[PDB]
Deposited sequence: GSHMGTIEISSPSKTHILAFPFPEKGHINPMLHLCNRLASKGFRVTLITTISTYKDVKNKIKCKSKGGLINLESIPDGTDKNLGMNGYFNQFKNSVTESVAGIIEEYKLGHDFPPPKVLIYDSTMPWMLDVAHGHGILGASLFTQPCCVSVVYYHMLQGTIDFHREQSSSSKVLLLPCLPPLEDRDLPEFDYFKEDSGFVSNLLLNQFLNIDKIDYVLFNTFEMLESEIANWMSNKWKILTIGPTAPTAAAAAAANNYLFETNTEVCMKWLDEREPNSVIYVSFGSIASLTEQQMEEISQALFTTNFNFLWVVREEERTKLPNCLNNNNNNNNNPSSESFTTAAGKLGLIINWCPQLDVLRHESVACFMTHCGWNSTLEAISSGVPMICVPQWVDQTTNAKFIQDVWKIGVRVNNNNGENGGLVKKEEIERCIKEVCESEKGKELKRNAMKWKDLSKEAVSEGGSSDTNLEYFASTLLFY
């Protein structure tokens, strides 16, 4: 005689709340996909202005007001609005009868105040970092070593535990934001203000990729490396168009070019890249967002070209990046080195030409070229066509490039192993799921 009680994923409710930008939404969506496939009930909370985006990419979906002035006011409003918004949702779900009450809130690492919403309403908090471990620990040391730089007087090289030496150009780039550099800096530093009170510290990376620094952070804070959250081999826009075009190219013949969802290049920088791509011995697929089309050399959603070299080019406002990168036609990836684009390239075996723009993109580029050895970084600040030309020859037409390709194929296998049964990332994500079930 008695009652047995069963705690299983299908009666466990996970809340997820990304920062409303595609580089933060996308990795969180993939993680929600993996968690739902384990049987969990997953509710994704997102701002109204990103809601339609996420709806088209798909899991229960909740919208909250955008919550929005200069950078500082814009952001204090944002933090205040989403605090009460998300708190309301937790409480509606705690009294609801359909879904189970929330057990945990997975929130973006850049919204650390959400840990206080989670704990203030009696549920657990998991902080999802969308940056690699290596650059993240740079933010921690900065929050805690002199990082000022009078780059005009002398060159400095910084040594930190479990990191390669970092030149000034390898540190995170904040001066780009000029007046707002301090704001962007504090946003990334403050990720660590409560690192000791977080119930789960989640990183979208895999241990073999960052083993030295992952271990150092595992010792300090017991982090969980659970990446890549994207699947091995999201409904994005223009899928059929780009897949048909790529299906019509020769294998290993296409340079894929994209600077992500936020970065905006000067008109002179666009002219340089343009002139390189139209004279290279390769086809190209170049994503230029609608908002950036007017900065192209003197607006249609896409344009087709026969290049001066007799090759074929496609300029298009958006593509399915993961599908593009895994297409056999792609020879290499000219990228701003956002972490999602970097980790997607790694998981796809595609070598890179690094054109980093700001924040962690400079550090990622350093690791792409000198640590993982799967790409080369351009040298500035304007990057001229001849410099872009040099990097294409090196990646795509050289013995060194064949080696870079070999290195990328190795890392592709290692990230597949990480997310497969018994891999470090599969194990860490199962640690997260299983301990959510504990009494």
Note to self, deposited ranges with zero CA coordinates are 1-3, 62-69, 80-82, 159-160, 250-258, 324-333, 416-421
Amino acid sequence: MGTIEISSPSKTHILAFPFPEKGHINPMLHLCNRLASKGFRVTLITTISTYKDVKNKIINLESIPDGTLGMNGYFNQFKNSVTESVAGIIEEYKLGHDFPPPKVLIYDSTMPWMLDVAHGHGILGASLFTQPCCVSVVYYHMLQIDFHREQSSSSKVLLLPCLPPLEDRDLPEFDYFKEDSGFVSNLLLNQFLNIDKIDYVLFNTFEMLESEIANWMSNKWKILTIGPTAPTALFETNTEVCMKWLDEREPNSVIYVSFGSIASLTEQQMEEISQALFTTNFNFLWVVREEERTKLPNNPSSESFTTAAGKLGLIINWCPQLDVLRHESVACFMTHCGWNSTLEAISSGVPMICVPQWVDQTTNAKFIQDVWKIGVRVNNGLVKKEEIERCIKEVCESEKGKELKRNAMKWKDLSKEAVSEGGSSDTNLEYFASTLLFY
From here on, numbers count along this sequence of modelled residues.
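Under this definition, the rigid core comprises the largest set of C-alpha atoms superposing within 1.5 Å between the forms.
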Which of the two stretches, 74-82 or 103-111, moves more in 6 other deposited structures of this protein when the core is held fixed, judged by C-alpha RMS distance? 74-82
In at least a third of the other compared PDB entries, does residue 69 have no coordinates? yes
Is it the case that at least a third of the other compared entries omit residue 235, given both of its neighbours are modelled there? yes
Taking the recorded C-alpha temperature factors, which stretch has the higher mean, 245-253 or 175-183? 175-183
Would you tell me which stretch averages the higher CA B-factor in the PDB entry, 46-54 or 384-392? 46-54
Sorting 131, 369, 153, 348 by Cα temperature factor from the record, which one lands on top? 153
Looking at the C-alpha B-factor values in the deposited entry, which of 334, 104, 201, 265 comes out highest? 265
B-factor third for the C-alpha atom of residue 326 within its chain: lowest
Determine, from the deposited record, the chain-internal third of the Cα B-factor for residue 166: lowest, middle or highest. middle
Going by the entry, which third of its chain does the Cα temperature factor of residue 290 land in? highest
Third of the chain, ranked by Cα B-factor, where residue 114 sits: middle
Entry-reported C-alpha B-factor of residue 75 relative to its chain, by third, is highest
